[PDB]
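A single chain, nothing else alongside it, follows as C-alpha cells in the form deposited in one PDB entry.
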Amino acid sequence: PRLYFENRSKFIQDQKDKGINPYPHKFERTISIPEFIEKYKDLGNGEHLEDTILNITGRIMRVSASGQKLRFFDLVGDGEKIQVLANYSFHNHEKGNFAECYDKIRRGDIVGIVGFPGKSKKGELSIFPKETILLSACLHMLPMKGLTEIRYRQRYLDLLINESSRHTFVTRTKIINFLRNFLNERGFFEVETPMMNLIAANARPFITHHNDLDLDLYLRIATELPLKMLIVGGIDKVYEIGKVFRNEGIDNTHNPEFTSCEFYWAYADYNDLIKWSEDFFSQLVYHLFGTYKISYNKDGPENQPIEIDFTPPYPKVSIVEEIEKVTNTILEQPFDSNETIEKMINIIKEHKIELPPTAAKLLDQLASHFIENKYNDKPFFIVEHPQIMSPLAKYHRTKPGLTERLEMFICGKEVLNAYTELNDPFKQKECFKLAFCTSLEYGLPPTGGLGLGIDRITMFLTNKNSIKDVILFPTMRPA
C-alpha cells in the first residue's frame, strides 16, 4: 500500500549512502527502442550480435523470472516494447554484483542499458545487457493493464499503461497537422489574434484583469472578428487554430476551454464552402484510415458500433423545410410574428421539449429534436438557416428570409459551421444602432467563413464518447 512508497524512498537514500547516484545526470544512448526494433527485427532465432555494443533506455514494465543467472524484463519506449535478457554470462562483474544489481529493479523504473542485440531461442527480440543503471526510480506501484477517474487527473499513468491512450492523442496531433497542411497547400495564411479582448459574448465570458492597465479583459469566445479585419486588411485567405473559451456547463460534448479552427476566404461562395467541407473530411478520414468508412460506438463500448461513411458528397437538409415536413406544419414568414412563434411553441409542448422562448431559440430547439439525428451513418449538412438565426450570414439569393449557411453534423453533433458573410453594412442589423461595423465601412469583399470544432472531430475519429477523452489535461473539480 503506502508502505511501498516509503520503502522505495528508503531505497533511494540507501543507494545514495552507498555512493550510488540513483538519478544520474547524463546517460548517452545510441539508439531508440523503435529504431532498435526496426533494425534488428529480422535476426534469426537465438541469433546474436555480440560485437554490436549499444546504449538503450526505457521504462521497465515487467519484472519476470529471477533465476540467479537469467533475468527477464519488458522495456518500453515511445509506445513500443522489447525484452531485456540479463544473462550472468555477459554481465560486467567489474561494475557490480549480478544478482544484487538486478534485484533492486522494480516495475516502472527507468533504466540505461549497455549491451548487444539478439533474439532468444524462443524468438524474442531482446537487448542483452552487460550493464544496467537506474536512471529514475518509480516510487509508487504502477497500476496494471484497471484504471478509473485517474486517467484525467494523472494522464501520464493513462499514457503509460493504456495502449489506446497514446494512439488517441497521436491521432489528435495528426488531425491538426493535416488540417494545417490542407489549408497551407490552398494558399491560406496562419495568424494569431488575441486570446484577451474587450467584449463579453452572447455565450458568457471568462473575465480577468490586467492590473498595470487597470483593465478588465475577456477571453475570446471565437476568432471571428479579428480574422475578418484581416480580410479587410488584404490578407485574403486567413486562418487560426487555437483555444476558445465559453464559460458554460460541462458535458460529454462541451468543455469550457476548447480548440477551434476558423478561416475566412475572400471571394468564396456557398458551394466553395461546401466543397471545402467535403474535400476536407473525406481526405482527412482516408489519410488516417485508408478508407472513408469508420466504426464508431455512439452508445458506449458495451453496445454495438455503427458505421459512419465519409464518402462524398454529403446530404444537405434545409432546416425550415425539414421541420415543416416532419411536424406537418407550415412555418410562415416572418418567423418573428407571434403566430409563427405561437405555432413553434405549440409544436414544442406537444412533443415534450423545453424551449427562454424566442424565434431563433425555438428554431434551434426544433432543429435539435427533429433534424440533427436525421443521419448517423454519414455526415450531413443542415443548410439555409433563417436570417433571424444567422445575423452575420449573407441572404439566400432565391429563398426569401433565408441565408447561405451550412452546418455539418456527425452523429447528431455539430462539428462545423460556415457561411457567406453579410458584407453590406446597411443590411447589417448591429450597424443599425452603431469596431466590426467600422471594418465593414472600409470595404469587406464577398467572403466565406468557416469554423471547425477540433475536439469533437477528434472524438469521432478516435472512437470517444466524451470530450475529456481527447483533451490531455481537462480542467476538473480538485475533489
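Note that the rigid core is defined as the largest set of C-alphas that superpose within 1.5 Å between two forms. Numbering starts at 1 and runs along the sequence shown.
Not pictured, yet referred to below: the form deposited in another entry.
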Only one of 79, 334, 242, 305 shifts its Cα by 2 Å or more between the shown form and the other one once the rigid core is superposed, namely 334
Has the Cα of residue 164 moved 2 Å or more between the shown form and the other one, judged after a core fit?
no
Align both forms on the core first, then report whether residue 192 has a C-alpha shift of 2 Å or more between the shown form and the other one.
no
Is_shifted residue 252 between the shown form and the other one (CA, 2 Å cut-off, rigid core):
yes
Relative to the form shown here, do the C-alpha atoms of residue 383 and residue 251 sit closer together or farther apart in that other deposited form, given a change of 3 Å or more?
farther
